[PDB]
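S.K.: Let me begin by handing over the structure; questions about it come next.
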Amino acid sequence: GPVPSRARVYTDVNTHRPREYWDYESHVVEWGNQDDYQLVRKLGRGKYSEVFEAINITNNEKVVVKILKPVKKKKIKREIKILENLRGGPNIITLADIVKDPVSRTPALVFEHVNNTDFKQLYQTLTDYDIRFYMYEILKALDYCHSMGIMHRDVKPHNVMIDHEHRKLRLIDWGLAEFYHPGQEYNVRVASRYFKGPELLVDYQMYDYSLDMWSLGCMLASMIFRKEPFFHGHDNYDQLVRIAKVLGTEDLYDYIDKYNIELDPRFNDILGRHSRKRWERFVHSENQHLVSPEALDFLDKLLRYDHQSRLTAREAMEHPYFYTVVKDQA
Ligand SMILES: CC(C)Oc1ccc2ccn(-c3cncc(-c4ccc(C(=O)O)cc4)n3)c2c1
């Protein structure tokens, strides 16, 4: 069978907490009053929810309501518990309230309003400094949630809200997040295809916080190289092929050997043999102003097959790429 793995950091953080912190199945949801909110307009739709701008009529505050499509009570409890545990943490979206439609019995999460600028219009405006700044802000949220025993498991641009005028950022959509427990075998069917870590793609279930760091690396690559998505796979199998064409097959097969991973036979046809590419092949006159030795060194240290060898969030924050950001923040 596969070789076990443990997180290098924050390994036992949940074991040391009271059971109630992580044992979300036992959480009792306190429902507020749906009549306190009036819906104003629809903001967006997902697979599993619809998001509206609303007003809290008790105090006239603008709020956001995420009405859940039908999902298991345990998964709703998980998201609520995680949001409550992380409330007040750096750059974490604040859950303000939880309500039910009395007739249709559908649950709705009520959040703080963030004045988001279209992240699909915000990447053509981003300077080198801006990317470093916002990356640092995301790392603060990830170090925090990891330190609190939580993997986000769905890091990607859609789940980062930015109020550019206020240089404000929030990490949202905790619906896939999970508590880290040493030894636990997780579902690999998480995250968007383009952001999935090698561990997911090869079906290695004993993963950890380091998944988030792969996803972050994918984001960074897409931003500095102006190539969204960076690893553009056609399906989950081809996704690993696209990664292998960059990181190379030698390190991939080393990873599978180290963890005694049983690779789906389907892969044997399509993976082939690929050299590890230098990052210089993605640099061009359009993106060169975003790319530095520091950026490439940092990126290289996020995008590793071996989850254990990726930078931690706290290590990433200490990287020379962020020296200018750190100097200004005091
Ligand atoms: C599906 C959702 C992310 O789509 C949108 C689209 C446009 C906009 C424009 C503003 N928002 C907005 C403003 N303030 C907060 C949020 C929000 C907050 C949390 C979550 C969540 O799940 O955790 C989803 C959305 N959202 C939008 C949300």
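Ligands are numbered from 1 in the order shown, chains are lettered A, B, ... in the order of the structure tokens, and residues start at 1 in each chain.
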Which protein, DNA or RNA residues have an atom within 6 Å of ligand 1, counting only C-alpha atoms and all ligand atoms, as a PyMOL selection string?
M.R.: chain A and resi 43-46+51+64+111+113-116+172-174
S.K.: Any idea what's packed within 7 Å of region 236-253 of chain A, counting only C-alpha atoms, ignoring anything in its chain fewer than 2 positions away? Could you give it as a VMD selection string?
M.R.: chain A and resid 193 198 201 231 to 234 255 to 257 267 271 273 to 277 305
S.K.: Can you work out which one of A:214, A:318, A:154, A:127 has the shortest atom-to-atom distance to residue 288 (chain A), counting only C-alpha atoms?
M.R.: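 The closest residue to residue 288 (chain A) is A:127.
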S.K.: Check which residues of region 97-130 of chain A sit at most 9 Å from region 18-42 of chain A using only C-alpha atoms, and return one row each with the closest pair of atoms and their distance in Å to one decimal, ordered by chain and rising number, as a tab-separated table.
M.R.:
residue	atom	partner	partner_atom	distance
A:97	CA	A:32	CA	6.5
A:98	CA	A:31	CA	5.5
A:99	CA	A:32	CA	5.0
A:100	CA	A:34	CA	6.1
A:101	CA	A:34	CA	6.3
A:102	CA	A:34	CA	7.9
A:107	CA	A:31	CA	9.0
A:108	CA	A:34	CA	8.8
S.K.: One number please: CA of residue 164 (chain A) to CA of residue 121 (chain A), in Å, one decimal.
M.R.: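 Here the two named atoms are 11.6 Å from each other.
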